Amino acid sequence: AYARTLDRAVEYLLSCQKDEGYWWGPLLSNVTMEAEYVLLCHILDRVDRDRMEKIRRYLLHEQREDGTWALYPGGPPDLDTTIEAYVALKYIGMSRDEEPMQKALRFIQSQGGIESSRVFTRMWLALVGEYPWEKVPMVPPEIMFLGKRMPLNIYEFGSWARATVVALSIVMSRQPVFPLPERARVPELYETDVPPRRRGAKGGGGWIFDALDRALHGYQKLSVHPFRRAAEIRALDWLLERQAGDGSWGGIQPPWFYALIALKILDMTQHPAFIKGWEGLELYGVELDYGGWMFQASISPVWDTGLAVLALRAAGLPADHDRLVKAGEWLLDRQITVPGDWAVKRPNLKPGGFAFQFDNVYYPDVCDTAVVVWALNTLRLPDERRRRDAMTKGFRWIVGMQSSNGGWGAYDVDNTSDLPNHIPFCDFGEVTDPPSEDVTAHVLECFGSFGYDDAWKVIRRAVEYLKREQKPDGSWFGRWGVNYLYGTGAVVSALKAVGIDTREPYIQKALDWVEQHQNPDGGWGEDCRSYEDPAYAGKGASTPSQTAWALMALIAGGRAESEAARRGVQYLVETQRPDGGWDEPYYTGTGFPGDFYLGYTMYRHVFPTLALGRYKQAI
């Protein structure tokens, strides 16, 4: 039945592979990447008229009938995204009179206008001189002086946040303004009678910081600031030391953009780091067939490749398949051997991790590392000298990365400090990098493939961690992939792989939960609204990925023979395309719970391929 389906899926995956041996599907986010890119261009005085057009077409193609833009396809209108999209469009050329402009603007005003937007949005506008700097929460360059164990020192923030902060402290220190041409000004964002609904810090605002902030803005107006220029340099240096091979910073857009702006403010426009940084942007840009152009929030080549291999190996391809060998060789050259920021909490730990993107040595992550090592373990490469070596290094690095509670975070160890979540500036997404169920599950499944079990202390501690984190209804929260189906799928398949008895009460309780959310069509679906509204838990339109996830949960838990199992397989067999792939008009990736969502192009093909390969084995 599914046999031919698997074959078609397999041959399709191989057609997607690049000549070098890796896989790389684009990463989908939301309109702000290009809206900010447009602003960035203006600031840097490098506007390409042609590029602006491809961006106009994109922003429009993304707008909905109501004239708004969302975070995820089918999601509620987002104020922030819509304001930035609007500002970009007005700058590009469109007048306030036009149909798209009107609808957008009316929604904006109905929300309290400019004053209801996140810090970033107001800051971007402040940069361009449309909003007053004194109303934007300050981040001083002096933050650079706080040592390692001191509260609020930069190493208490998550990887992503850290660089953004540093880069921004320089920008905030100078409060520069790049006036927009009179034609593109947006005073209309203030024109609203509706009371502004202000969003506070992610963990509730303390009056202390509120006071501290006001002090900072006051201090900002003094004629002299002792040790300021020295703090700026610390920030600049911190930046120059960590620039990525591709010219970015962390392989993500925020710090990369701010870094570039900071360098411009410092007259370093003709310095190598700037040059490289600017031209590196082109690699993250994508040309769309309808004449548009988008910008990727980040890139997933290592992730894609690693998962692809696992999918194909499970599908049935032999360990020495010449195609999977190219993949294997490519992966080996990707291993990081130098220390990174992580080394600040683990100085005696030997480097051996892997990053998400192509060239990002200072920020390897547990998720990627775990998958890669595991995927390597399943292969049969020519020089297993380097294969044995790489695995051991990756393995040991992961072990040494375990946190206090028994689980794992993405980039750092015990990045649990609660302090940062209360700052006035931090009103968008996660600011810290604490351990999570999914990263931990992936680590567990990695060790699992290596024969290790519940007997090993490392694993036990992790399992203890998972049992305590399990939701009342028996589900597991999805930190990096769209929710409970993601987490629960990852956890259960992990637990099985490490030797635990699938017969257990809590596991069965989860297994049952999966069956009770199966949609009529036979597949599973979970909308991004499940982070805001707990009613949407396990609810949403069926998707290839989310279906494949719940499938793996059941297959691992023994319920492979079950009805819900065969029913799901039908869904996949039927919904498959003639080329072998699947479609997925929905995002099943999570950036920041409730604030940022991602569309992992490859998930729709990779996961079902992996799930079916696993189903076939249960025979």
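Start at 1 and count along the sequence shown; that's the residue number.
Stretches 293-301 and 384-392 differ in mean CA B factor, with 384-392 having the higher one.
Of the two stretches examined, 77-85 and 216-224, the record assigns the greater average C-alpha temperature factor to 216-224. Of the candidates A211, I233, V119, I92, the deposited coordinates give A211 the top C-alpha B factor. Across the residues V399, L152, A311, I261, the deposited record lists the maximum Cα B factor for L152. When the modelled residues of the chain are ordered by their C-alpha B factor, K457 lands in the highest third. Sort the modelled residues of the chain by CA B factor and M52 lands in the middle third.
When the CA B factors of the chain's modelled residues are split into thirds, the value for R567 lands in the highest one. When the CA B factors of the chain's modelled residues are split into thirds, the value for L14 lands in the highest one. Sorting the modelled residues of the chain by their CA temperature factor places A556 in the highest third.
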